[PDB]
Structure formats: structure tokens, C-alpha cells
Amino acid sequence: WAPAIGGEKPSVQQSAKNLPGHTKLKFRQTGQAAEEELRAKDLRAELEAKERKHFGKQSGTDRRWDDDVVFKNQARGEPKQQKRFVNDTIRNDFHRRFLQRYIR
Amino acid sequence: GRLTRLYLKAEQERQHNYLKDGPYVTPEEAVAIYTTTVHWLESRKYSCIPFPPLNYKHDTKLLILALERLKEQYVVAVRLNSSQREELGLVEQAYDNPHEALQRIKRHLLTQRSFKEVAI
Amino acid sequence: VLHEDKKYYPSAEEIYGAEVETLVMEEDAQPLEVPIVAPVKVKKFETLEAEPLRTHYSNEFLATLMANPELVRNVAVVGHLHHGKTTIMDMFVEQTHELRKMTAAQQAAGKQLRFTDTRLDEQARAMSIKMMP
Amino acid sequence: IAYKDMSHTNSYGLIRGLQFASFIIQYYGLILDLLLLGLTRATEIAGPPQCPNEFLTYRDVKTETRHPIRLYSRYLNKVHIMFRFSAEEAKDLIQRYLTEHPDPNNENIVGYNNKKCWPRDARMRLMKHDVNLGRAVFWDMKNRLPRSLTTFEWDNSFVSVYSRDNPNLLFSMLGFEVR
RNA sequence: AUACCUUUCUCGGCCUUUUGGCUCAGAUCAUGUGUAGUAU
RNA sequence: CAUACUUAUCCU
Ligand SMILES: Nc1nc2c(ncn2[C@@H]2O[C@H](COP(=O)(O)OP(=O)(O)OP(=O)(O)O)[C@@H](O)[C@H]2O)c(=O)[nH]1
């Protein structure tokens, strides 16, 4: 109904997680998207380049033994399964496979 | 517990879809199947299994086999619940009077077409 | 009959259209070991020094002594394994250059110098691996 | 069927905790056995009603050899079949299979199930005639079953061919891997 | 003694709330004598 | 007077 609000000698209890560690910061160097390096370039050129590369270079274009047998061709007509995402908790494919695997 | 719930949602839905999407077995798959079975059973000179006769020579041996089987779950049993105690009571009754157990069983097979809830 | 391979929903292609690209990304392209921001590493191949060192001669003195064939001798130094070649070259370096505090660092760290054994992997086997002029 | 606050009516399956569930399973499976075999290979495997022949045996060798399906068993919902094929029979089968699942690239062998549990020489090889006889008899027996009742799944199946270039016949039956 | 306004009484009526949040409905659910004290 | 309840009291 209402959370605790968290407003702010000093106590001398020292936590283990509060001991010195990672005591200097990494900064972005030349080569890791540093700010002075990135004013120099046209990021729209590189984005439209990479998007065009992706979007084109994904498109790829510039009587027998079985005579008494009562049923014939019963696999033909079966649906081949597809890489798809269903946003359903219980009706997606991971879940149907999971329940198939673990419940016998 | 979570997986029995998840399985039972899936299984409730499978049972629903059967009643909506109808018998999956096609009317002329079922008939080819029924007919294959008929021609098999007739090739085998098979005779149906009849309803357990009244003066059936084996009726009480089969019931005693049944009851032995049902009792066997209770030969290590250390603490029983009301359905396990009720089961042991009815096993004892059917050992004590096999003839009225047999008559109840045959009345069940003859008449009973609606049954209680199964726990899963 | 439509089985319990029933479809409950349309595809992302019926949902979004032909001109929306629909991606299902269920596994990562790369492992956790490939940084997302690649560290800008000193590419530790064979690490030399950052300026021509002090010698007992100049630059132009060697420039002189090169331009006339009668004061230049070309010599390769060979021997068995370990028989002293690298160390003799090193003694030459030690007598004709300026590297004394280098020697102090060498006998403080507990190793004797190997000048021509420069590649720090040829170094850590006490072996000359590739000839050096 | 009730679990706690969950409940539904069973209309479709079989309740396996019934005491006579095994009898329904075994009779229904017998019907699926007759679907797999036909009423002639079944009546030859079974033997006459008067003189039935024992588990894996036949009355004659003319009766035994008439048909590819040589040995047959079903352990409740699990089937083991041994066929022996002529190379003419095997060839006709592999033909019909590929003409039904045409793949020019030779992507046939990729998703094949043969167990890594045995040593690498002794397992079933990657010959095209052998991988394809495997998949072709799987496919041809899987076509025998109305998919409204059951299918076979390749991932819960196992075929092993003993051919020229394969010396061992493999199966696993109950917990036993047999080579 | 009647018409007006106006004032009084009697019927008809009303919202949050008191909701201990979660999980494996959290789990299980039921196999005594004997005395005495009491309720009956 | 007969059903029930019980209590680190008492046995089986
Ligand atoms: N006793 C003695 N040992 C020496 C002398 N000179 C060098 N050494 C030792 O011999 C070892 C091998 O000599 P290196 O300097 O590696 O010479 P190398 O024969 O070229 O060896 P590689 O690099 O393997 O070809 C050195 O690490 C020294 O410890 C010397 O005059 N006397």
C-alpha cells in the first residue's frame, strides 16, 4: 500500500562488498566510439551502408510387398514446422516441445 | 506442481479441441480400420469374450487375483488415507464375501456408465 | 480435418505485411567472450623501444662508415645450440652502446641480457629462434 | 480428471491408470500392427489360428522369405521390425522415397539418428544407399499409419542397416543397446 | 371561512470496507484408554 | 444417570 521512502559520526561498520575494487574507470579510447572520434564521421553513411548491405546480402539478388496395406501416403500432407515466435505462454513451440519432452 | 498445472492446461485444451475440431479419425479411416480388424478377427476364427457368466468356474479365482493385486499396494503400507483405508475395507469385504462382491462387479459392468472423478 | 497441429494465430508475415522485416532471434550471434566494446589492446608481438638509443658513436658517423665499401664487413654468426652466439653479440652491444642501467635491471631481476633475442617468446626459451642483424 | 482446482473431462485419450488400460493398449496396438503389416504378412507372422507359430518363427521358409518384413514385435507402443531386402526391393524403396522427398543438394544425411553410444567404426555409416534405405523404410512404414491415430517420429525412432559396407545390425530394445 | 405558501413530517435510501500480500489450491486432513473436572 | 471435550496427570 505504501513503500518505504528512501531518504539519506559515520558508522565504522565496513561491508565486504564495500572494500576497494575496480578503483579506476575505463574511458573510451580511440577505437571505442570515443566522443571526439565520432564527431569526425558521418554515422548516417555507415548506418545506411550497413543497412543496405544487410538488406541486399540477405535478399541474395542483384504387385509389391505393400499390397495388403490399408493406408498409403499418410505422411504426405503433414505440416513442416517453422521458426516462428508465438507470444503465447502455453501455445508457443518451446512450450509444446517442453511438455512433449517432460511428460510421458 | 507447476508442470502438472501446465500439462493440464495443455490437456484441457487438447480435450476441448477434440470436441471442436471433431473426431480426428476420418469416417473412412475408421471404417478401413474397423474392417481390417473384422477381417483379421474372422481370419483367426476368433470368438468374442462373453460377459462373465453367472456360474462361471473361474469367477472367484479371478476376483481373488484382483484382490491380491489391490492388497499388494498395502503390504508395506504404514499410514493410509481415507481412500486407501476405504480400499482396504472393500478388499476385506470382497475377500470375506466373494459372492456378493462378484454380484456387485457384474452389476457394475452391466449397468454403470458414469463414474467418479479420477485424481491425477 | 485440422489436427492438434492446429494454428492459433497468423504469422508475423500476415500480421505485419510484406514490407516489414520480421526477425526471430532466439540465440546469440556471438559468445560472451567476444567483447561488445573491443578493448584497444597493445598487440604484444615483439615489443621494442620507442627511440634510437644512445651509442658510443653518432648517426652520421655510421652514415659515413657505410658509404665506402672498404670499412664494412658482413658477418653471420653461427654455432650449435646455446654455444654462446647470442651472448657474444650481446657483449659487443654492451661494449659499444649505452645500456648500463639496463644491466642493473638485468642483475636485479636475476637474468642475463639477450640483445638479439628480442622476441619475448624467443626470449623465454633461452633460444635464438630467428636470426637478427 | 481433477488435479486440485483444475478439472476437465477426458473425451479423447485413454486413462492409463485404469486397470484394464493394458488390455486396451494391447488390442489397439494389435490393430496398429495389422495396419503396419497387412492381413497377409500378419497372418504369416502369426501362423494359422490352429497352429500359431512362436514369437519370432515361421512355419516354413517359403512363408518366412515371401516378404521383406521378417521379424516383428510390438512392446505396447514400441515396435521393432526387421526387414531383409533384395537390392531390387531396396532400390525400388529408395527410389520412391527420394522421388517423394526430392533433395538435390544431398541434405539427406544431415539430421539422421544413429547413436553415438557405440564406437565410430561400428555404428551405422553414412553411405547413401544405407542412410537412404534407413529413411526409406522409416518413411514407408510411417506412411502405413493414419496420422489421426499415430505416426512414427524420426527423433524417437532408430533404424540400422546391415549392408555391404555395414557389418553390424544394431537395436536397443528395453534398456539394452545391442550390436 | 377559504385560498395561499410554506413549513413539517414521513418515507425511501446509501459507499466504502474490515477485505494478510505471496507459494507447491502453501501442505495435510485423521486409527487412543483410564480418571476427573465440566457441559448435557 | 448417558453422549462428548480435555489435561507435561496416569497407564497400554
Ligand atoms: N659458462 C659460461 N656460460 C656461458 C657463457 N656465455 C654464455 N653462457 C651461457 O650459455 C647460455 C646459452 O648461450 P646463449 O647466449 O643462449 O647463446 P647461443 O649458443 O646462441 O644459444 P641459442 O640462442 O640457443 O642459439 C646462456 O644463457 C648463458 O648462461 C660463457 O662464456 N661461459
Side-chain angles (χ1 to χ4, degrees), chain A residues 1-8 15-18 85-104, chain B residues 1-21 60 63-105 107-108 112-120, chain C residues 4 6 8-9 26-27, chain D residues 1-22 25 77 156 175:
Chain A
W1 295 141
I5 299 240
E8 204 154 37
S15 163
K17 316 201 171 178
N18 288 0
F85 203 91
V86 171
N87 197 18
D88 207 310
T89 312
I90 56 165
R91 273 154 203 108
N92 55 102
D93 271 348
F94 180 98
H95 191 69
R96 293 194 40 108
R97 290 188 248 113
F98 175 88
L99 282 183
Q100 232 183 63
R101 179 196 210 299
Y102 287 108
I103 311 244
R104 305 237 304 242
Chain B
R2 296 204 192 177
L3 297 219
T4 169
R5 285 202 182 276
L6 288 173
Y7 162 83
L8 282 179
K9 305 178 131 272
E11 171 62 27
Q12 285 168 223
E13 158 153 65
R14 191 187 75 99
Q15 293 310 125
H16 278 325
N17 290 351
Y18 172 70
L19 297 168
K20 284 141 63 111
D21 321 332
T60 202
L63 166 75
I64 286 154
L65 280 161
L67 301 168
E68 291 167 27
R69 225 98 205 196
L70 286 175
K71 217 166 177 172
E72 222 168 32
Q73 318 142 355
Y74 298 137
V75 304
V76 78
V78 76
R79 218 158 335 271
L80 325 167
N81 47 287
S82 286
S83 262
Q84 289 175 65
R85 288 181 214 114
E86 163 171 13
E87 199 181 320
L88 265 182
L90 297 167
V91 167
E92 285 168 0
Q93 297 182 34
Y95 258 133
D96 294 352
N97 196 15
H99 174 111
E100 281 315 309
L102 277 178
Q103 300 317 285
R104 165 171 46 77
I105 284 162
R107 212 210 99 228
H108 279 359
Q112 250 240 276
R113 298 286 175 274
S114 214
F115 302 92
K116 307 211 142 260
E117 201 204 67
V118 177
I120 198 188
Chain C
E4 249 249 329
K6 191 204 203 270
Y8 298 92
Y9 314 101
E26 282 171 311
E27 56 107 58
Chain D
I1 311 303
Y3 168 52
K4 291 174 171 200
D5 35 10
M6 311 186 80
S7 215
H8 67 277
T9 295
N10 193 255
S11 329
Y12 193 22
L14 137 140
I15 296 308
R16 253 181 292 193
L18 290 190
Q19 309 269 318
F20 48 84
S22 60
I25 290 164
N77 67 134
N156 307 316

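Side-chain atoms are counted along with the backbone in the values below, which use heavy atoms only and exclude waters and symmetry mates. Labels below follow one simple rule: chain letters A, B, ... track the order of the sequence lines, proteins then strands, and each chain is numbered from 1.
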(message) Quick check on A:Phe85: does its CZ atom have over 12 non-hydrogen neighbours (other residues, nucleotides or ligands) under 6.0 Å away?
(response) no
(request) Side-chain contact test, heavy atoms from C-beta onward, threshold under 4.5 Å: evaluate it for B:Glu68 versus B:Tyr95 and give yes or no. (result) yes
(request) Label F:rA4 north or south, basing it on the sign of the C1'-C2'-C3'-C4' dihedral. (result) north
(request) With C1'-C2'-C3'-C4' as the criterion (positive north, negative south), name the sugar pucker of E:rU17. (result) south
(message) Assess, by modelled atom type and distance only, whether the side chains of B:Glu87 and B:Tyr74 contain a donor and an acceptor separated by less than 3.5 Å.
(response) yes
Polar atom pairs (N or O), protein with nucleotides 20-27 of chain E, under 3.5 Å:
residue	atom	partner	partner atom	Å
E:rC24	OP1	B:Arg2	NE	2.7
E:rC24	OP1	B:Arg2	NH2	2.7
E:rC24	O2'	D:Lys4	NZ	3.2
E:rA25	OP1	B:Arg5	NE	2.9
E:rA25	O5'	B:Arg5	NH2	3.0
E:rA25	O4'	B:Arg5	NH2	3.3
E:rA25	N1	D:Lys4	O	3.4
E:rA27	OP1	D:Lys4	NZ	2.2

(message) Tell me which nucleotide, if any, is Watson-Crick or G-U wobble paired with E:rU23 when both distances must be under 3.5 Å.
(response) none
(message) Stacking test, E:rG34 against E:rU33: centre separation of the six-membered rings below 5.5 Å and plane angle below 30 degrees, yes or no?
(response) yes
(message) Say we look at E:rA39 and F:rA8: how far apart would their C1' atoms be, to the nearest angstrom?
(response) 25 Å
(message) Measuring only the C1' atom in each nucleotide, how far is E:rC29 from F:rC10? A whole number of Å is fine.
(response) 29 Å
(request) Please measure how far the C1' atom in E:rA27 lies from the corresponding atom in E:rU23, and state the result in whole Å. (result) 10 Å
(message) How many whole angstroms separate atom CH2 of A:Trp1 from atom P of E:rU16?
(response) 15 Å
(message) Rounded to whole Å, how long is the line connecting atom CD of B:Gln84 with atom P of E:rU28?
(response) 13 Å
(message) Using the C1' atom as the point on both nucleotides, what is the distance between F:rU7 and E:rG32, in whole Å?
(response) 15 Å
(message) Can you tell me if B:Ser82 touches the phosphate of E:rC29, counting only side-chain N or O atoms and a distance under 4.0 Å to OP1 or OP2?
(response) no
(message) Could you check whether the six-membered base rings of E:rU18 and E:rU19, which sit next to each other in the strand, have centres less than 5.5 Å apart and planes tilted by under 30 degrees?
(response) no
(request) Assign E:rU10 to north (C3'-endo side) or south (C2'-endo side) according to its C1'-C2'-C3'-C4' torsion. (result) south
(request) Positive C1'-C2'-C3'-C4' means north, negative means south, so call it for the sugar of E:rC24. (result) north
(message) Could you identify the nucleotide paired to E:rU18, looking across every strand shown and requiring Watson-Crick or G-U wobble geometry with both distances under 3.5 Å?
(response) none
(message) Applying the Watson-Crick and G-U wobble criteria at under 3.5 Å, what pairs with F:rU6? Answer none if nothing qualifies.
(response) E:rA36
(request) For E:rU6 versus E:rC11, give the span between their P atoms, rounded off to a whole number of Å. (result) 26 Å
(message) Can you measure B:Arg79 atom CZ to E:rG32 atom P for me and round it to whole angstrom units?
(response) 14 Å
(request) Supply the atom-to-atom distance B:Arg107 CZ to B:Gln103 CD, rounded to the nearest 0.5 angstrom. (result) 11.0 Å
(message) Pairing donors with acceptors under 3.5 angstrom, does anything connect the side chains of B:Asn17 and C:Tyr8?
(response) yes
(request) For E:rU10 and E:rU16, measure between their P atoms and round to the nearest Å. (result) 32 Å
(request) Would you check if A:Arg91 and B:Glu13 make a side-chain contact, meaning some heavy-atom pair closer than 4.5 Å? (result) yes
(message) Any non-hydrogen side-chain atom of A:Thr89 less than 4.5 Å from a side-chain atom of A:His95?
(response) no
(request) Can you tell me the distance, in whole Å, between the CG atom of B:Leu80 and the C1' atom of E:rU31? (result) 9 Å
(message) Between E:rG26 and E:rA25, is the stacking condition met, i.e. ring centres under 5.5 Å and planes under 30 degrees?
(response) no
(message) With a 4.0 Å cut-off on N to O distance, would you call D:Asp5 and B:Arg5 a salt bridge?
(response) yes
(request) Please measure how far the P atom in E:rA30 lies from the corresponding atom in F:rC11, and state the result in whole Å. (result) 32 Å
(request) Mind telling me the pucker class of E:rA27, north or south, from the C1'-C2'-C3'-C4' torsion? (result) north
(request) If E:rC11 has a Watson-Crick or G-U wobble mate with both distances under 3.5 Å, name it; if not, just say none. (result) none
(request) Find the distance between CG (D:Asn10) and CD1 (D:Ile1) and round it off to the nearest 0.5 Å. (result) 5.0 Å
